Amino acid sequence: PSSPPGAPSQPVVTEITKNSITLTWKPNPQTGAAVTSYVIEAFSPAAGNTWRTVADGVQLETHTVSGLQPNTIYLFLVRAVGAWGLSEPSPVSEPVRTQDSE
């Protein structure tokens, strides 16, 4: 067996501020390669046409992405990391907007 882990589940937004979003997800339930950490990627239609890697070496299944812009649409996906590399992407999260800065 020399394969990466399975793809995690769709990340769920659990909390929103004007500069941060908190996400949670689960490892792939199918028996497979062991997960050693997670990678988080973010997309915004106002921030370029590629996904930006916003966190890596994430040990937990919950993490807060900070340094975001107010009143902005973000989408997120997670990859699982293992001995032989990265999983394919999880499903993309439902889009959310950060809170406004009033």
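Position 1 is the first residue in the sequence shown; the rest follow in order.
Of the two stretches examined, 27 to 35 and 70 to 78, the record assigns the greater average C-alpha temperature factor to 27 to 35. Stretch comparison (92 to 100 versus 2 to 10) by mean CA B-factor in the PDB entry places 2 to 10 on top.
Ranked by C-alpha B-factor against the other modelled residues of its chain, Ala46 falls in the highest third. For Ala83, the recorded CA B-factor ranks within the highest third of the chain. Only modelled residues enter the ranking.
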